[PDB]
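Laid out below as structure tokens are two forms of one and the same protein chain, each shown alone and named structure 1 and structure 2.
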Structure 1
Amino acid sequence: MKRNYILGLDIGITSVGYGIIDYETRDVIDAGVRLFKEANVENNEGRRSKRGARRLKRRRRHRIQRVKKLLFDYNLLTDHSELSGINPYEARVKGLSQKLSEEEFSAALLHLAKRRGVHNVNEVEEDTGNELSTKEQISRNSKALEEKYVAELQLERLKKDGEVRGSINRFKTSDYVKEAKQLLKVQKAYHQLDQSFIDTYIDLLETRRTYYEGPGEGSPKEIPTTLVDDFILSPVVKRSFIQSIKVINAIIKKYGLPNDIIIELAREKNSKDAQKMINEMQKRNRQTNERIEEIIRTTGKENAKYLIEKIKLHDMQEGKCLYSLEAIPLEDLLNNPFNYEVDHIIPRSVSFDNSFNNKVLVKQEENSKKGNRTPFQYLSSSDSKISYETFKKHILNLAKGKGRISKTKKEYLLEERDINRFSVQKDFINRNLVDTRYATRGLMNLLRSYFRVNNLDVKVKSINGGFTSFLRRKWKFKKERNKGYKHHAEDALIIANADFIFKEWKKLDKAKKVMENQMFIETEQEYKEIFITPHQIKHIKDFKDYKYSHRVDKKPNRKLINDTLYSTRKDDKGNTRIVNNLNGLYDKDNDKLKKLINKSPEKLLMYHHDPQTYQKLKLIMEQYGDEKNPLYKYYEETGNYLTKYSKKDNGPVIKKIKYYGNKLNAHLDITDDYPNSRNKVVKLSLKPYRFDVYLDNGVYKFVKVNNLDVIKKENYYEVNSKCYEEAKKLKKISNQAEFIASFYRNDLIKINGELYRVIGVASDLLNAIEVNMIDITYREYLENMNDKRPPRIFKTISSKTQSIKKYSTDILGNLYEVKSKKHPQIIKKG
């Protein structure tokens, strides 16, 4: 509308805050938040890594099948050939001297092609007992094969150590080719095979694609978002800049073109990096707090808690005034704090820097004499007690070694340039007011370009991440995630009011112009007065009508299910159950088995099936009951792993134990991949696409549509009709039932008059849906209350449920009760 305004933006990892304020009065017009999932690099790294793995496995399978065809052609393999009980390690070692049978020969060649070593690993010739190192293993093996073939070494381990496969099974392809050439040299005599056979086979065995070959044949008005794709960014940042642009486009359409935009990109790059910094900061804070506590313990002076900054500076400065180099006794500082003042190294009026790096603890008299001068200017004047040269030496000494000063502080202390030069002031302004990061520069260049071309008088600006926090401290406005997502929005409104301060104060005109990248304060009290409490912060703080817009995901063909495979079993009561496994039996702090034996001995399969080994294990648990892991003591004291019961003490070690786990309900059945499987083979965690609510004779009901239920066709996805009608039948949804709505992740749902956002279907069977709150996470809602419930909301949809309505927000967070189509969606072109 006609009225002119400013647009604040607080860009973040998961959020874009926005604030809109009247250009004349500085009253709040509007304010809201646009929330999204952080775009993690892990996600695509996953997709790529799995695409790599799928090709590796495809190519192994295809190599084995190319070998078979060659054996069919030279009439060494048939449809009706028994390869079943032929140990290929025996057949490899035998065939380097004597005649193999056609079957042994086929067994051997097929075993080689399956597993054929690395081709791109050179000797390190070093051994630091690293099991997982390929280079160290390849080398250890190269030494073992000085006089023998791979199959000779492999058969030796099979007989001595009882096993072959594992980490030590890492050999060079050239070591394998040396064997194959010999095998084929011997066997060429007795079998009819020619140099064409031998050449073909070794090619199959040794050959692979290069990085520069890659796959085979088939393989693949308003501000635009395509310009973000041009200049390269972190995915986390790249998402936010696309979100931000669409939030600017929506504000422009509604309210018209802003006079001024001003932007703040968050400090942190991702949540983890932030956590690390926070941890580092907390680590730093703890040290200061411990010292403060020590001071209070030793001196009894409680006022130390109010002199944190002075004490920090005191310790930093070895208890000396940096201008006079006279001692600041800690006791005197505590008793007479007014004798010592915190001074800005570079006058705040020039640098706009209020950071700890621009602060020093000095005597009140020295502070008065320095005035609005740098240490260099002051110490070069007739007013100083010491020479600049003496000062400089001291600072340089402080910078080298223990009790160090930051680089930035050192530079400020040793600033010799003329403060009064525009170029120097520009440098300070750019450092303190204007954000200097490749992304932030990239964004404002995108925007400024856009407005320039289309001839729209819009002043894009930026402010430093730190700066907002200063104003919060200044105007007594405590930041806290506690409250909810609103903090992001009330950051935006602050940013927007800083713009008002950098327009109404003619004394900030230079700073304003610098921030607008346009081509070209005498006292501390004056500086302080410019930024004083407006009254309009009461408006910001007391404001209520915030708006939230969570983004809704409708993408088909996301992760369908979990990777892991599970066997099943029918128990005594005739309930199919997942089989679990206890691994890591001989670990110091592992109480899993000891807990299981005391609670539920009948859950072990060996309880039923190997009673003698069970009784043998129980005597150990009784022997070393007092410890966490009885088996650890068994291994420590005797020096021998637990073996299966046997009459002659020749049973194998026990390394995993299978026991009956949860009952089987919601699963994916993969048992047809395993011909003649006695039990059932399954996968778990059917991941949801959406759920479709129906109103049936006054009863609310719903169907879960799984991602498994959605199938790619030519250029579109289709919800499977048979799976869908089957699903309705298990839910007993009539043919005369009205479709109400479909709910995707983060879709908004009003259940019995209470609005939430959808997470998913907790239990299809019990008819429960997991939701979350809108303005705050339910976790945090409980924390601020100090409640100790589980931090998850579940809602049952039942005969008791009275109304279900779907809502929707625009990108700005304007809320709408929305209409639905008459039927569910089946086709999805996007």
Structure 2
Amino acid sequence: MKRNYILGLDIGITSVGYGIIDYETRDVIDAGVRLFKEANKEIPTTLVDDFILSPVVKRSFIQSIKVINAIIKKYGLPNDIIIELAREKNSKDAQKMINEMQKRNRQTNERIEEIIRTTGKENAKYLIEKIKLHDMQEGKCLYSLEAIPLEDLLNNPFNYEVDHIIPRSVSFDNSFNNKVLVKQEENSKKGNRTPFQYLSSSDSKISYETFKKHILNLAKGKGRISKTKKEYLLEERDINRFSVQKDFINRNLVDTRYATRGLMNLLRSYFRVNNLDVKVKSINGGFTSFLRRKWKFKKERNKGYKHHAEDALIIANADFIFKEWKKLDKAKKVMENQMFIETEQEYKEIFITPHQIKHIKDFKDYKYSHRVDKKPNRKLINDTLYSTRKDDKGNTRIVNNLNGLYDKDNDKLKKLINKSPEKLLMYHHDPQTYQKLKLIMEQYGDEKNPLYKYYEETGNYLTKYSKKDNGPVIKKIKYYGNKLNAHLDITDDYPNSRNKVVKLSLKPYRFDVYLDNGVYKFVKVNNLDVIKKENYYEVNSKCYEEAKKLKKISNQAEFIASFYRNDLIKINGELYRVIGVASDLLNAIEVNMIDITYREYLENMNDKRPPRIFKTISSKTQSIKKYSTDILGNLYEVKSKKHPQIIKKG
């Protein structure tokens, strides 16, 4: 559209958030998320292949580019793009960082618990950050070097103040590493100067040399200070030099990782070459979280995928602040990589926005675009082998095995004997050993595992029945499991095998829905049913026609649609995304929600249902419709081809 806008992006391991806002008013236009599985005319994706990355990151940059290309074609060229690459590099690194963060959140809260016991005051817990700075400094304000009593901080919270080591106006750093607990008078005297500049002036109580020695002694050994904090405390360069300010801006505002640099270089190159006035920027992972604390907007990653989108809208509003405030013009220019604030109150006033955050938080019309997998899954089948047997009723059944019979907490056999004694093969074939086992289960019924007590009390494993007491130990028990339906037969690998040798869990490729005289019906196509040829896969025709016959699908039945993983389905007027075929036999298909994983939907509600949706396709089913989202999450109601596909060249 004619209207001019900003594009936020929150790039992640599995996701690319986007957020679109009016360049004049800062009202929300649009927002959504593009979701994908972690890789364990318009902007091309071949440039990502040029410069070397982790696979996990490499996928996201390809996905991001296609989301930018889709926004450009819909809304036209943005005025400003601004990007946030997630802190993590892969999911393991993410989890490690979350664990490290959680460990720190434990380390902070454990210090609170000890002091509120000792002192016995309530305003302590409100004073979150002033407590931890007392730990770092070893009980002394660093500018003066005089002692802080612990209760004196609680008695006089005014007479001490959290100071920024390097003025926030120059560094843009609000991190704990740029913070120090100091006396109120010392803060007032320092002003907008570094410790070096202040302690070199006539206003200071102590010499810089004394201070420097203290910091260096504080750095090594126990009660340690971070490298970044140490560097800030010992910053000697002229704050007022542009080169020095540039360094602070680059450290705090501009993200400094090889990937993030690589990405913005890709994008800026593209716009530069084609002569398109687009201002690509980036912001530091931490910085967004400051704005969330500032604007009272608790990061809830459990509040669906929208968190990625509502991160992008935040990132996009930061861009508005780095355009409307002439005092940030230097910072703006640094962030745009273009060739070339006096008080704390002034700094704080620049970033006050109460209004448009209500728009962001109360915004509703989000969109989601899950990516669809149509590659036959290398995993064909569970590799476990099962023997089979025909039971009393003449049903072929899977043979399972009970292992770990003599374990403390194993109730599998006790459950099975009480419910289904006829499920044991030994029930039919070794009655004398069966009767011998039943006497044990009756003897030590009260425990989880009767056999554990048999081993504990007597000190002897259970042996097969024998006339001379020389039968072998029993270490596994075979029992009849599932009725045998869809299986793979591998018995010709075992010459003269008495019983049939099989594998199970025929991993679905897709399911094809048919409308047959007003009744909705479907066929499952297995990965086994798909066979690699020269440069293509082929669905097996004979297995397919046999499958229709078990489902009683007529020759004059209309095909409706094929549904792969993450394909969208509207069942009785309710839209979902497909996982797969829960049960061919029962005619069930596994779906999920679109805006949130159904697990998380239930957790935010505090509901204790199973976290899976299953939808039965039946005489009761009234309409089935296929939908498809574009890469932005705009929804479309879509038809099918006349017949199902057989060959798959991709």
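Each residue is numbered by where it sits in the sequence of structure 1, with counting from 1. Throughout, rigid core stands for the largest set of C-alpha atoms superposing within 1.5 Å between the two forms.
After superposition on the rigid core, the C-alpha displacement between structures 1 and 2 reaches 2 Å or more for just one residue among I657, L379, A266, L233, namely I657.
Relative to the superposed rigid core, the position of the CA of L730 differs between structures 1 and 2 by less than 2 Å. With the core held fixed, the Cα of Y634 is displaced between structures 1 and 2 by 2 Å or more. The Cα shift for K570 between structures 1 and 2, taken after rigid core superposition, is 2 angstroms or larger. Superposed on the core, the two forms differ at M606, whose C-alpha moves 6.4 Å between structures 1 and 2. Taking the core as the fixed frame between structures 1 and 2, we note the C-alpha of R558 moving 2.8 angstrom. With the core fitted, the CA of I21 sits 0.9 Å away from its counterpart between structures 1 and 2.
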